[PDB]
>>> print(open('query15.cif').read())   # mmCIF, C-alpha atoms
data_coords
#
loop_
_atom_site.label_atom_id
_atom_site.label_comp_id
_atom_site.auth_asym_id
_atom_site.auth_seq_id
_atom_site.Cartn_x
_atom_site.Cartn_y
_atom_site.Cartn_z
CA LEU H 1 -18.75 45.61 -1.91
CA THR H 2 -18.29 44.17 -5.39
CA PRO H 3 -20.33 41.07 -5.89
CA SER H 4 -18.35 38.31 -7.62
CA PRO H 5 -18.26 38.24 -11.48
CA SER H 6 -20.56 35.91 -13.39
CA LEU H 7 -19.16 32.83 -15.17
CA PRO H 8 -20.78 30.11 -17.37
CA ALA H 9 -22.01 26.85 -15.91
CA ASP H 10 -19.60 23.92 -15.99
CA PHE H 11 -18.34 22.91 -19.41
CA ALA H 12 -17.41 19.85 -21.27
CA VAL H 13 -15.90 19.87 -24.68
CA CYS H 14 -14.69 17.18 -26.99
CA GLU H 15 -10.97 16.83 -27.33
CA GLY H 16 -9.86 18.96 -30.26
CA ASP H 17 -12.70 21.44 -29.80
CA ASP H 18 -12.29 24.98 -28.52
CA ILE H 19 -12.71 26.24 -24.94
CA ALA H 20 -14.12 29.73 -24.91
CA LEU H 21 -14.51 31.37 -21.55
CA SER H 22 -16.00 34.76 -20.91
CA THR H 23 -17.71 36.83 -18.27
CA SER H 24 -20.89 38.81 -18.53
CA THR H 25 -19.93 41.49 -16.04
CA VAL H 26 -18.36 44.90 -16.04
CA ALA H 27 -15.05 45.70 -14.47
CA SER H 28 -12.14 48.14 -14.51
CA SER H 29 -9.98 45.07 -14.94
CA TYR H 30 -10.40 41.34 -15.21
CA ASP H 31 -8.01 38.72 -13.88
CA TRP H 32 -8.19 35.13 -15.17
CA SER H 33 -5.95 32.16 -14.29
CA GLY H 34 -6.17 28.42 -14.87
CA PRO H 35 -4.75 25.04 -16.03
CA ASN H 36 -1.67 25.22 -18.24
CA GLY H 37 -0.96 28.75 -17.03
CA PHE H 38 -3.79 30.45 -18.84
CA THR H 39 -3.70 34.07 -17.71
CA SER H 40 -5.50 37.09 -19.23
CA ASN H 41 -6.93 40.54 -18.26
CA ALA H 42 -9.93 40.60 -20.64
CA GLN H 43 -13.69 40.00 -20.29
CA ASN H 44 -13.16 37.74 -23.23
CA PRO H 45 -9.85 35.77 -22.95
CA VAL H 46 -8.24 34.29 -25.97
CA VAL H 47 -9.95 31.05 -26.81
CA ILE H 48 -8.00 27.89 -26.20
CA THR H 49 -8.16 26.14 -29.47
CA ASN H 50 -7.60 22.48 -30.12
CA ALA H 51 -8.15 21.82 -26.42
CA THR H 52 -6.72 18.70 -24.86
CA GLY H 53 -6.55 16.90 -21.53
CA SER H 54 -4.05 19.42 -20.14
CA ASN H 55 -6.60 22.20 -20.59
CA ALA H 56 -9.08 20.48 -18.31
CA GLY H 57 -9.41 21.80 -14.80
CA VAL H 58 -10.69 24.75 -12.85
CA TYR H 59 -10.60 28.22 -14.33
CA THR H 60 -10.70 31.12 -11.89
CA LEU H 61 -11.88 34.70 -12.35
CA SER H 62 -11.83 37.77 -10.16
CA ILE H 63 -12.38 41.42 -11.01
CA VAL H 64 -11.68 44.96 -9.89
CA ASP H 65 -14.77 47.14 -9.95
CA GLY H 66 -15.21 50.88 -10.71
CA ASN H 67 -14.79 51.83 -7.16
CA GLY H 68 -11.29 50.33 -7.10
CA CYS H 69 -12.12 47.26 -5.03
CA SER H 70 -11.47 43.61 -5.72
CA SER H 71 -14.31 41.11 -5.89
CA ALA H 72 -14.42 37.70 -4.32
CA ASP H 73 -13.15 34.89 -6.57
CA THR H 74 -15.43 32.61 -8.61
CA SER H 75 -14.67 29.62 -10.82
CA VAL H 76 -15.88 27.30 -13.58
CA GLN H 77 -14.87 23.72 -14.10
CA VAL H 78 -14.09 22.63 -17.62
CA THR H 79 -13.46 19.10 -18.75
CA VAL H 80 -12.32 17.48 -21.93
CA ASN H 81 -13.72 14.24 -23.33
CA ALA H 82 -11.18 12.02 -25.07
CA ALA H 83 -11.79 10.62 -28.55
CA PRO H 84 -11.47 6.87 -29.41
CA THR H 85 -8.26 5.64 -30.92
CA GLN H 86 -7.79 5.25 -34.63
CA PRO H 87 -10.26 2.52 -35.80
CA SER H 88 -9.30 -0.24 -38.20
CA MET H 89 -11.23 -0.83 -41.42
CA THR H 90 -11.61 -4.17 -43.19
CA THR H 91 -13.30 -4.47 -46.56
CA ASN H 92 -14.26 -7.12 -49.09
CA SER H 93 -12.01 -5.62 -51.78
CA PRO H 94 -11.97 -7.61 -54.99
CA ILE H 95 -15.70 -7.25 -55.67
CA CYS H 96 -17.22 -7.97 -59.07
CA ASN H 97 -19.40 -5.14 -60.27
CA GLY H 98 -22.93 -6.00 -59.26
CA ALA H 99 -22.08 -7.75 -56.00
CA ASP H 100 -22.75 -6.05 -52.69
CA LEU H 101 -19.86 -4.13 -51.17
CA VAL H 102 -19.28 -4.79 -47.51
CA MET H 103 -17.17 -2.91 -45.04
CA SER H 104 -16.69 -3.52 -41.37
CA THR H 105 -14.84 -2.72 -38.20
CA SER H 106 -14.12 -4.01 -34.71
CA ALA H 107 -14.13 -0.54 -33.18
CA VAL H 108 -16.93 0.50 -30.88
CA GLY H 109 -18.89 3.67 -30.33
CA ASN H 110 -22.40 5.01 -30.73
CA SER H 111 -22.03 5.39 -34.47
CA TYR H 112 -19.64 4.90 -37.33
CA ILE H 113 -18.76 7.31 -40.12
CA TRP H 114 -17.95 5.80 -43.49
CA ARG H 115 -16.29 8.28 -45.82
CA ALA H 116 -16.39 7.57 -49.53
CA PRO H 117 -13.44 8.43 -51.82
CA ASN H 118 -15.40 11.33 -53.33
CA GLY H 119 -16.47 12.77 -49.98
CA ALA H 120 -19.90 11.14 -49.70
CA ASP H 121 -20.53 10.46 -46.02
CA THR H 122 -22.86 7.83 -44.54
CA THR H 123 -23.37 7.23 -40.82
CA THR H 124 -24.40 3.85 -39.44
CA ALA H 125 -25.25 2.52 -35.98
CA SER H 126 -23.75 -0.79 -36.98
CA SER H 127 -20.12 -1.76 -37.29
CA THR H 128 -20.97 -3.32 -40.67
CA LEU H 129 -21.97 -1.38 -43.79
CA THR H 130 -23.52 -2.88 -46.91
CA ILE H 131 -23.50 -0.88 -50.12
CA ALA H 132 -25.86 -1.83 -52.91
CA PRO H 133 -24.65 -1.76 -56.58
CA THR H 134 -27.33 0.88 -57.21
CA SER H 135 -26.09 3.28 -54.50
CA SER H 136 -24.07 6.48 -54.97
CA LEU H 137 -21.62 4.94 -52.51
CA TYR H 138 -20.80 1.99 -54.76
CA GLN H 139 -17.48 3.41 -55.73
CA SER H 140 -13.87 2.37 -55.90
CA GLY H 141 -11.00 4.22 -54.29
CA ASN H 142 -9.66 4.93 -50.81
CA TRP H 143 -12.32 4.58 -48.06
CA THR H 144 -11.90 5.69 -44.44
CA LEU H 145 -13.60 5.18 -41.09
CA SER H 146 -14.12 7.54 -38.15
CA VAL H 147 -15.84 6.44 -34.89
CA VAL H 148 -18.15 8.45 -32.65
CA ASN H 149 -18.19 7.71 -28.89
CA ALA H 150 -20.64 8.42 -26.08
CA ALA H 151 -19.36 11.97 -25.61
CA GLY H 152 -19.77 12.80 -29.29
CA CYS H 153 -16.02 12.74 -29.72
CA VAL H 154 -14.77 11.55 -33.08
CA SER H 155 -11.73 9.33 -33.47
CA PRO H 156 -8.91 10.02 -35.98
CA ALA H 157 -9.72 8.50 -39.33
CA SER H 158 -8.53 4.99 -40.14
CA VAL H 159 -5.94 4.09 -42.66
CA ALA H 160 -7.71 4.02 -45.95
CA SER H 161 -8.75 0.77 -47.51
CA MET H 162 -8.45 0.59 -51.26
CA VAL H 163 -11.63 -0.75 -52.75
CA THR H 164 -11.54 -2.23 -56.20
CA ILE H 165 -14.68 -2.89 -58.16
CA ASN H 166 -13.93 -4.99 -61.22
CA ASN H 167 -15.59 -5.38 -64.53
CA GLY H 168 -16.18 -8.79 -66.02
CA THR H 169 -16.89 -9.52 -69.66
CA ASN H 170 -19.67 -10.47 -72.05
CA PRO H 171 -18.31 -13.07 -74.49
CA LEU A 1 -18.58 66.03 -21.75
CA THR A 2 -17.28 63.83 -24.55
CA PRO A 3 -20.05 62.34 -26.55
CA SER A 4 -19.48 58.64 -27.27
CA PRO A 5 -17.42 57.67 -30.40
CA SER A 6 -19.19 56.61 -33.59
CA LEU A 7 -19.13 52.97 -34.72
CA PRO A 8 -20.53 51.17 -37.83
CA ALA A 9 -23.94 49.54 -37.80
CA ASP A 10 -24.07 45.84 -36.97
CA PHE A 11 -22.05 43.57 -39.21
CA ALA A 12 -22.25 40.17 -40.67
CA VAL A 13 -19.47 38.59 -42.61
CA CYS A 14 -19.03 35.24 -44.23
CA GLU A 15 -16.73 32.85 -42.49
CA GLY A 16 -13.26 33.29 -43.95
CA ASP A 17 -13.86 36.96 -44.78
CA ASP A 18 -12.25 39.87 -42.98
CA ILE A 19 -13.69 41.92 -40.10
CA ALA A 20 -12.59 45.51 -40.34
CA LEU A 21 -13.68 47.81 -37.57
CA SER A 22 -13.01 51.50 -37.36
CA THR A 23 -14.28 54.70 -35.85
CA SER A 24 -15.01 57.98 -37.54
CA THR A 25 -14.19 60.17 -34.57
CA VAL A 26 -11.25 62.06 -33.19
CA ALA A 27 -9.56 61.25 -29.94
CA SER A 28 -6.32 61.61 -27.99
CA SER A 29 -6.49 57.86 -27.60
CA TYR A 30 -8.75 55.03 -28.61
CA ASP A 31 -9.46 51.90 -26.59
CA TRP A 32 -10.95 48.81 -28.27
CA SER A 33 -11.72 45.40 -26.75
CA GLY A 34 -13.69 42.37 -27.91
CA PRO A 35 -14.12 38.60 -28.57
CA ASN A 36 -10.93 36.57 -28.64
CA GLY A 37 -9.10 39.30 -26.73
CA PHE A 38 -8.93 41.81 -29.52
CA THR A 39 -7.40 44.93 -28.01
CA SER A 40 -5.99 48.01 -29.80
CA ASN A 41 -5.42 51.79 -29.29
CA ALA A 42 -6.01 52.95 -32.90
CA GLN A 43 -8.89 54.60 -34.80
CA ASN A 44 -8.30 51.83 -37.24
CA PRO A 45 -7.49 48.49 -35.46
CA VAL A 46 -5.74 45.73 -37.26
CA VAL A 47 -8.22 43.86 -39.38
CA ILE A 48 -9.13 40.39 -38.27
CA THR A 49 -8.51 38.33 -41.29
CA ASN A 50 -9.91 34.92 -42.06
CA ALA A 51 -12.59 35.53 -39.44
CA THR A 52 -14.31 32.58 -37.83
CA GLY A 53 -17.00 31.79 -35.28
CA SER A 54 -14.73 32.76 -32.37
CA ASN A 55 -14.49 36.30 -33.76
CA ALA A 56 -18.23 36.79 -33.52
CA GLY A 57 -19.55 38.82 -30.64
CA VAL A 58 -19.69 42.34 -29.32
CA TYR A 59 -16.86 44.75 -29.95
CA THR A 60 -16.56 47.70 -27.58
CA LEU A 61 -15.00 51.12 -28.08
CA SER A 62 -14.37 54.06 -25.80
CA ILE A 63 -12.17 57.12 -26.27
CA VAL A 64 -10.30 59.84 -24.44
CA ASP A 65 -10.95 63.28 -25.88
CA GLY A 66 -8.69 66.36 -26.18
CA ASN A 67 -9.76 67.70 -22.90
CA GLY A 68 -8.46 64.58 -21.14
CA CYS A 69 -11.83 63.03 -20.36
CA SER A 70 -13.15 59.57 -21.10
CA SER A 71 -16.27 59.08 -23.20
CA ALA A 72 -19.13 56.74 -22.48
CA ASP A 73 -18.75 53.27 -24.04
CA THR A 74 -20.40 52.22 -27.31
CA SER A 75 -20.46 48.90 -29.14
CA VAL A 76 -21.08 47.07 -32.42
CA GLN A 77 -22.23 43.51 -32.82
CA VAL A 78 -20.51 41.42 -35.42
CA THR A 79 -21.53 37.97 -36.52
CA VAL A 80 -20.06 35.33 -38.73
CA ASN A 81 -22.04 33.17 -41.14
CA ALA A 82 -20.81 29.60 -41.48
CA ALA A 83 -20.15 28.02 -44.87
CA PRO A 84 -21.65 24.63 -45.95
CA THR A 85 -19.54 21.53 -45.59
CA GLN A 86 -17.50 20.13 -48.42
CA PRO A 87 -19.99 19.01 -51.15
CA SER A 88 -19.70 15.72 -53.00
CA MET A 89 -19.54 15.58 -56.79
CA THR A 90 -20.75 12.70 -58.94
CA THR A 91 -20.20 12.62 -62.69
CA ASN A 92 -20.98 10.44 -65.69
CA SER A 93 -17.29 9.81 -66.40
CA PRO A 94 -16.69 7.47 -69.31
CA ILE A 95 -18.46 9.64 -71.88
CA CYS A 96 -18.02 9.13 -75.62
CA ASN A 97 -17.13 12.33 -77.38
CA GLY A 98 -20.37 13.80 -78.65
CA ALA A 99 -22.56 12.66 -75.78
CA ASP A 100 -23.76 15.14 -73.19
CA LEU A 101 -21.66 15.45 -70.05
CA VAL A 102 -23.62 15.42 -66.84
CA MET A 103 -22.53 16.34 -63.36
CA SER A 104 -24.53 16.41 -60.19
CA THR A 105 -24.59 16.76 -56.45
CA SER A 106 -26.72 16.11 -53.39
CA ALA A 107 -25.55 19.26 -51.62
CA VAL A 108 -27.93 22.14 -51.14
CA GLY A 109 -27.63 25.90 -51.31
CA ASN A 110 -28.85 28.81 -53.40
CA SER A 111 -26.41 28.07 -56.18
CA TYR A 112 -23.68 25.72 -57.27
CA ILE A 113 -20.28 26.55 -58.70
CA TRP A 114 -18.85 24.14 -61.23
CA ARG A 115 -15.15 24.70 -61.84
CA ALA A 116 -13.66 23.35 -65.03
CA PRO A 117 -10.11 21.90 -65.14
CA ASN A 118 -8.87 24.98 -67.03
CA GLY A 119 -10.50 27.48 -64.67
CA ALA A 120 -13.72 28.10 -66.60
CA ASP A 121 -16.46 28.73 -64.04
CA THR A 122 -20.20 28.23 -64.52
CA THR A 123 -22.83 28.86 -61.84
CA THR A 124 -26.15 27.01 -61.79
CA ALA A 125 -29.27 27.18 -59.64
CA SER A 126 -29.70 23.47 -60.12
CA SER A 127 -27.82 20.63 -58.49
CA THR A 128 -27.46 19.08 -61.96
CA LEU A 129 -25.31 20.48 -64.78
CA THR A 130 -25.49 19.42 -68.41
CA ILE A 131 -22.63 20.29 -70.73
CA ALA A 132 -23.18 20.19 -74.47
CA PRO A 133 -20.43 18.76 -76.79
CA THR A 134 -20.26 22.21 -78.39
CA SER A 135 -19.55 24.08 -75.14
CA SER A 136 -16.20 25.45 -73.92
CA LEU A 137 -16.86 23.42 -70.78
CA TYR A 138 -16.84 20.09 -72.60
CA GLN A 139 -13.44 19.19 -71.33
CA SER A 140 -11.69 16.34 -69.62
CA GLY A 141 -9.68 16.62 -66.43
CA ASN A 142 -10.29 17.25 -62.73
CA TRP A 143 -13.60 19.04 -62.01
CA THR A 144 -14.63 20.52 -58.66
CA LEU A 145 -17.76 21.80 -56.94
CA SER A 146 -18.29 24.65 -54.47
CA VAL A 147 -21.72 25.43 -52.93
CA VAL A 148 -23.20 28.82 -52.08
CA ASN A 149 -25.65 29.10 -49.14
CA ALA A 150 -28.26 31.64 -48.10
CA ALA A 151 -25.67 33.91 -46.47
CA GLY A 152 -23.50 33.97 -49.59
CA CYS A 153 -20.96 31.77 -47.86
CA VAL A 154 -19.08 29.38 -50.09
CA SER A 155 -18.25 25.84 -49.05
CA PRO A 156 -14.76 24.28 -49.43
CA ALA A 157 -14.36 22.74 -52.84
CA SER A 158 -15.20 19.09 -53.37
CA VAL A 159 -12.75 16.38 -54.13
CA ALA A 160 -12.16 16.54 -57.82
CA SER A 161 -13.84 14.14 -60.15
CA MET A 162 -11.77 12.99 -63.08
CA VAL A 163 -13.74 13.31 -66.26
CA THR A 164 -12.71 11.29 -69.25
CA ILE A 165 -14.01 12.04 -72.70
CA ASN A 166 -13.12 9.24 -75.10
CA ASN A 167 -12.63 9.09 -78.79
CA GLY A 168 -14.16 6.33 -80.85
CA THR A 169 -13.10 5.31 -84.32
CA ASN A 170 -14.11 5.53 -87.96
CA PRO A 171 -13.45 2.13 -89.59
#
>>> encode(input="query15.cif", output="structure tokens")
Amino acid sequence: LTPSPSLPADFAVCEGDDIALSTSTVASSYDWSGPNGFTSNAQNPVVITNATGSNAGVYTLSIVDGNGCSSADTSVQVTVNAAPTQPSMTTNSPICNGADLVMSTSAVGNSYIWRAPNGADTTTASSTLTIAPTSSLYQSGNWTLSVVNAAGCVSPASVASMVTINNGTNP
Amino acid sequence: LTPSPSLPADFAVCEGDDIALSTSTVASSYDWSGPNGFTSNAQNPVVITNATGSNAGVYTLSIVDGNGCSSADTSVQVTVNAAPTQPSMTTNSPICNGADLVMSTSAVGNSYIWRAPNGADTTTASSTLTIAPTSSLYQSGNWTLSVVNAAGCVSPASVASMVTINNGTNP
């Protein structure tokens, strides 16, 4: 009798990540089925990319062995962890060069990602970021926020805030 | 008995490169299978272009010979080396014509690629580039950085930095 095929332990992925299922066994044929009509006949089904809530559920696999007999069914549960909604960023925009630049949000999560106009990326535990005039982050331009939740899921970036750092004079 | 088909030695490609598998043998039919449900019946399967992490894994080939008999299976392992994340470029922008132009990053890798606005391309081992006023690279416009890691993988280019070279006067 063909012992059942071997599947991975239960999965959890972040929304937007990829769900890759596979089996470690050997068969004449494989037969997979699941949520959102996922069917395949491979020992490595096409990966479900950009997975969402509709891809969560129970995936089932059975095989036909070399003797021509079907195995018992086995299954793996896969879930998808939702990301936070788009966060809102508030700044202290008209800042005079030399004054501290402060940015903050009202969004919650385990950490916040503050993306500088030139791609520099600083992560804080706090909802409020202070940038010194001597930092590589003390730059003008369009700043955005992304928020990380308990599952490690990252929210869509916020609408950029335009930061202006002004120069005064020396009369 | 049909000896197994001959495959290439294990592969490694950079992410974004192409994975081209083939066999050197002769068969009535070929049967390939692999990661991300790659199946084919050729002695030269369609090349997987723009390969990514999901294309890494073990590719398996078996054939049917001229006598009508199946060969034993053989396989090749193929991996994919990830590129660094988008690097951040910082310049010394308002430079007075005749002063040295300096560009730098915080990104790491074996080498850095500094791409001039007109396409000139200089590679440095250092994270900091100095351009003399007498160099063909002493030019204004939008400059970008790409970073090369240990595997030879090249990161996505940085957000361009606008470099301004100003002219003073002669009163």
>>> closest_atom_pairs(input="query15.cif", of="chain H", to="chain A", cutoff="8 Å", atoms="all atoms listed in the file", output="Markdown table")
| residue | atom | partner | partner_atom | distance |
| --- | --- | --- | --- | --- |
| H:42 | CA | A:37 | CA | 6.3 |
| H:43 | CA | A:37 | CA | 7.9 |
| H:44 | CA | A:35 | CA | 5.5 |
| H:45 | CA | A:37 | CA | 5.2 |
| H:46 | CA | A:36 | CA | 4.4 |
| H:47 | CA | A:36 | CA | 5.9 |
| H:118 | CA | A:159 | CA | 5.8 |
| H:119 | CA | A:88 | CA | 5.3 |
| H:120 | CA | A:88 | CA | 5.6 |
>>> residues_around(input="query15.cif", residues="stretch 133-149 of chain H", least_positions_apart="5", cutoff="6 Å", atoms="all atoms listed in the file", output="JSON, numbers by chain")
{"H": [98, 109, 110, 111, 112, 113, 114, 115, 116, 117, 154, 155, 157, 158, 160, 161, 162, 163, 164, 165]}
>>> closest_residue(input="query15.cif", among="H:66, H:84, H:53, H:5", to="residue H:31", atoms="only C-alpha atoms")
H:5
>>> atom_distance(input="query15.cif", atom1="atom CA of residue H:20", atom2="atom CA of residue A:56")
11.9 Å
>>> atom_distance(input="query15.cif", atom1="atom CA of residue A:81", atom2="atom CA of residue A:152")
8.6 Å
>>> closest_residue(input="query15.cif", among="H:65, H:121, H:73, H:100", to="residue H:27", atoms="all atoms listed in the file")
H:65
>>> calpha_fit_and_write(input="query15.cif", fixed="chain H", moving="chain A", output="compact mmCIF listing (two decimals) with C-alpha atoms, in the coordinates of the input")
# COMPACT_ATOMS: atom_id res chain seq x y z
CA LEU A 1 -18.75 45.61 -1.91
CA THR A 2 -18.29 44.16 -5.39
CA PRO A 3 -20.32 41.08 -5.89
CA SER A 4 -18.34 38.31 -7.62
CA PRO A 5 -18.26 38.24 -11.48
CA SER A 6 -20.57 35.90 -13.39
CA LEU A 7 -19.16 32.83 -15.17
CA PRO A 8 -20.78 30.12 -17.38
CA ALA A 9 -22.01 26.85 -15.91
CA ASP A 10 -19.60 23.92 -16.00
CA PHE A 11 -18.34 22.91 -19.41
CA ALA A 12 -17.42 19.84 -21.27
CA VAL A 13 -15.89 19.87 -24.68
CA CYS A 14 -14.69 17.18 -26.99
CA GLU A 15 -10.97 16.83 -27.33
CA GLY A 16 -9.85 18.96 -30.26
CA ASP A 17 -12.70 21.45 -29.79
CA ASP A 18 -12.29 24.98 -28.52
CA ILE A 19 -12.71 26.24 -24.94
CA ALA A 20 -14.12 29.73 -24.91
CA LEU A 21 -14.52 31.37 -21.55
CA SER A 22 -16.00 34.76 -20.90
CA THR A 23 -17.71 36.84 -18.27
CA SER A 24 -20.90 38.81 -18.53
CA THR A 25 -19.93 41.49 -16.04
CA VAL A 26 -18.36 44.90 -16.05
CA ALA A 27 -15.05 45.70 -14.47
CA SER A 28 -12.14 48.14 -14.51
CA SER A 29 -9.98 45.08 -14.94
CA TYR A 30 -10.40 41.35 -15.21
CA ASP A 31 -8.01 38.72 -13.89
CA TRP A 32 -8.18 35.13 -15.17
CA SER A 33 -5.95 32.16 -14.29
CA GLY A 34 -6.17 28.42 -14.87
CA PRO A 35 -4.75 25.04 -16.03
CA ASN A 36 -1.68 25.22 -18.24
CA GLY A 37 -0.97 28.75 -17.03
CA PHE A 38 -3.78 30.46 -18.84
CA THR A 39 -3.70 34.07 -17.71
CA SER A 40 -5.50 37.09 -19.23
CA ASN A 41 -6.92 40.54 -18.26
CA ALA A 42 -9.94 40.60 -20.64
CA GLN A 43 -13.70 40.00 -20.29
CA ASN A 44 -13.17 37.74 -23.23
CA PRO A 45 -9.84 35.78 -22.95
CA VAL A 46 -8.24 34.29 -25.97
CA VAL A 47 -9.95 31.04 -26.81
CA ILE A 48 -8.00 27.89 -26.21
CA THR A 49 -8.16 26.14 -29.47
CA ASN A 50 -7.60 22.47 -30.12
CA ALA A 51 -8.15 21.82 -26.42
CA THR A 52 -6.72 18.69 -24.86
CA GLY A 53 -6.55 16.90 -21.53
CA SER A 54 -4.04 19.41 -20.13
CA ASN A 55 -6.60 22.20 -20.60
CA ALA A 56 -9.08 20.49 -18.31
CA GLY A 57 -9.41 21.79 -14.80
CA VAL A 58 -10.69 24.75 -12.85
CA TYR A 59 -10.59 28.22 -14.32
CA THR A 60 -10.70 31.12 -11.88
CA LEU A 61 -11.88 34.70 -12.35
CA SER A 62 -11.82 37.77 -10.15
CA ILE A 63 -12.38 41.42 -11.01
CA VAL A 64 -11.68 44.96 -9.90
CA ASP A 65 -14.77 47.15 -9.95
CA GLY A 66 -15.21 50.88 -10.70
CA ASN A 67 -14.79 51.83 -7.15
CA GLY A 68 -11.29 50.33 -7.10
CA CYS A 69 -12.12 47.26 -5.03
CA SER A 70 -11.46 43.61 -5.72
CA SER A 71 -14.31 41.11 -5.89
CA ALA A 72 -14.42 37.70 -4.31
CA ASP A 73 -13.15 34.88 -6.57
CA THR A 74 -15.43 32.61 -8.61
CA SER A 75 -14.66 29.62 -10.82
CA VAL A 76 -15.88 27.30 -13.59
CA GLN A 77 -14.87 23.71 -14.11
CA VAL A 78 -14.09 22.63 -17.61
CA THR A 79 -13.46 19.10 -18.75
CA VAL A 80 -12.32 17.48 -21.93
CA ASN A 81 -13.72 14.25 -23.34
CA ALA A 82 -11.18 12.03 -25.07
CA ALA A 83 -11.79 10.62 -28.55
CA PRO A 84 -11.47 6.87 -29.40
CA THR A 85 -8.26 5.64 -30.92
CA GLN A 86 -7.79 5.25 -34.63
CA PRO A 87 -10.25 2.52 -35.80
CA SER A 88 -9.30 -0.24 -38.21
CA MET A 89 -11.23 -0.83 -41.42
CA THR A 90 -11.61 -4.17 -43.19
CA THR A 91 -13.30 -4.47 -46.56
CA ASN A 92 -14.27 -7.12 -49.09
CA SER A 93 -12.01 -5.62 -51.77
CA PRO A 94 -11.97 -7.60 -55.00
CA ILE A 95 -15.70 -7.25 -55.67
CA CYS A 96 -17.22 -7.97 -59.08
CA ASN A 97 -19.40 -5.14 -60.27
CA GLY A 98 -22.93 -6.00 -59.26
CA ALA A 99 -22.08 -7.74 -56.01
CA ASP A 100 -22.75 -6.05 -52.69
CA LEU A 101 -19.86 -4.13 -51.17
CA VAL A 102 -19.28 -4.79 -47.51
CA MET A 103 -17.17 -2.91 -45.04
CA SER A 104 -16.70 -3.53 -41.37
CA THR A 105 -14.85 -2.72 -38.20
CA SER A 106 -14.12 -4.01 -34.72
CA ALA A 107 -14.13 -0.54 -33.18
CA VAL A 108 -16.93 0.49 -30.88
CA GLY A 109 -18.89 3.67 -30.33
CA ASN A 110 -22.41 5.01 -30.74
CA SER A 111 -22.02 5.39 -34.47
CA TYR A 112 -19.64 4.90 -37.34
CA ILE A 113 -18.76 7.30 -40.12
CA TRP A 114 -17.95 5.80 -43.49
CA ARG A 115 -16.29 8.28 -45.82
CA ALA A 116 -16.39 7.57 -49.52
CA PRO A 117 -13.44 8.42 -51.82
CA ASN A 118 -15.40 11.33 -53.33
CA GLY A 119 -16.47 12.76 -49.97
CA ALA A 120 -19.90 11.13 -49.70
CA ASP A 121 -20.53 10.45 -46.02
CA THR A 122 -22.87 7.84 -44.54
CA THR A 123 -23.36 7.24 -40.81
CA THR A 124 -24.40 3.85 -39.43
CA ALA A 125 -25.25 2.52 -35.98
CA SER A 126 -23.75 -0.79 -36.98
CA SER A 127 -20.12 -1.76 -37.29
CA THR A 128 -20.97 -3.32 -40.66
CA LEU A 129 -21.96 -1.38 -43.79
CA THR A 130 -23.52 -2.88 -46.90
CA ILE A 131 -23.49 -0.88 -50.12
CA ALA A 132 -25.86 -1.84 -52.91
CA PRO A 133 -24.65 -1.76 -56.59
CA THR A 134 -27.32 0.88 -57.21
CA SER A 135 -26.09 3.28 -54.50
CA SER A 136 -24.07 6.48 -54.97
CA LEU A 137 -21.63 4.94 -52.51
CA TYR A 138 -20.80 1.99 -54.76
CA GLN A 139 -17.48 3.41 -55.73
CA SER A 140 -13.87 2.37 -55.90
CA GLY A 141 -10.99 4.22 -54.29
CA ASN A 142 -9.66 4.93 -50.80
CA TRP A 143 -12.31 4.58 -48.06
CA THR A 144 -11.90 5.69 -44.44
CA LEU A 145 -13.60 5.18 -41.09
CA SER A 146 -14.12 7.54 -38.14
CA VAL A 147 -15.84 6.44 -34.89
CA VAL A 148 -18.15 8.45 -32.65
CA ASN A 149 -18.20 7.71 -28.88
CA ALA A 150 -20.64 8.42 -26.08
CA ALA A 151 -19.36 11.97 -25.61
CA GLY A 152 -19.77 12.80 -29.29
CA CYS A 153 -16.01 12.74 -29.72
CA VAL A 154 -14.77 11.56 -33.08
CA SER A 155 -11.73 9.33 -33.47
CA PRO A 156 -8.91 10.02 -35.98
CA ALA A 157 -9.71 8.50 -39.32
CA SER A 158 -8.54 4.99 -40.13
CA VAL A 159 -5.94 4.10 -42.66
CA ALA A 160 -7.71 4.02 -45.96
CA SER A 161 -8.75 0.77 -47.51
CA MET A 162 -8.45 0.60 -51.26
CA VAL A 163 -11.63 -0.75 -52.75
CA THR A 164 -11.54 -2.23 -56.19
CA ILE A 165 -14.68 -2.89 -58.16
CA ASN A 166 -13.93 -4.99 -61.22
CA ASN A 167 -15.59 -5.38 -64.53
CA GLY A 168 -16.18 -8.79 -66.03
CA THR A 169 -16.89 -9.52 -69.66
CA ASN A 170 -19.67 -10.47 -72.05
CA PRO A 171 -18.30 -13.07 -74.50
>>> residues_around(input="query15.cif", residues="residue A:68", least_positions_apart="4", cutoff="12 Å", atoms="all atoms listed in the file", output="NGL selection string")
:A and (1-2 or 27-29 or 63-64)
>>> residues_around(input="query15.cif", residues="residue A:7", least_positions_apart="2", cutoff="12 Å", atoms="only C-alpha atoms", output="list in words")
residues 4, 5, 9, 10, 11, 20, 21, 22, 23, 24, 25, 32, 43, 44, 58, 59, 60, 61, 62, 63, 73, 74, 75, 76, 77 and 78 of chain A
>>> closest_residue(input="query15.cif", among="A:130, A:107, A:96, A:51", to="residue A:167", atoms="all atoms listed in the file")
A:96
>>> atom_distance(input="query15.cif", atom1="atom CA of residue H:52", atom2="atom CA of residue A:14")
28.3 Å
>>> axis_aligned_box(input="query15.cif", around="stretch 77-90 of chain H", padding_each_side="5 Å", output="lines of an AutoDock Vina configuration file")
center_x = -11.3
center_y = 9.8
center_z = -28.6
size_x = 17.1
size_y = 37.9
size_z = 39.1
>>> decode(input="query15.cif", residues="stretch 121-128 of chain H", atoms="C-alpha atoms", output="mmCIF file, in the first residue's frame")
data_model
loop_
_atom_site.group_PDB
_atom_site.id
_atom_site.type_symbol
_atom_site.label_atom_id
_atom_site.label_comp_id
_atom_site.auth_asym_id
_atom_site.auth_seq_id
_atom_site.Cartn_x
_atom_site.Cartn_y
_atom_site.Cartn_z
ATOM 1 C CA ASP H 121 15.871 53.903 5.231
ATOM 2 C CA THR H 122 15.661 54.171 9.028
ATOM 3 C CA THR H 123 13.513 51.948 11.241
ATOM 4 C CA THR H 124 12.191 53.121 14.601
ATOM 5 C CA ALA H 125 10.185 51.512 17.397
ATOM 6 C CA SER H 126 8.570 54.851 18.055
ATOM 7 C CA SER H 127 5.862 56.599 16.100
ATOM 8 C CA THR H 128 7.983 59.772 16.274
#
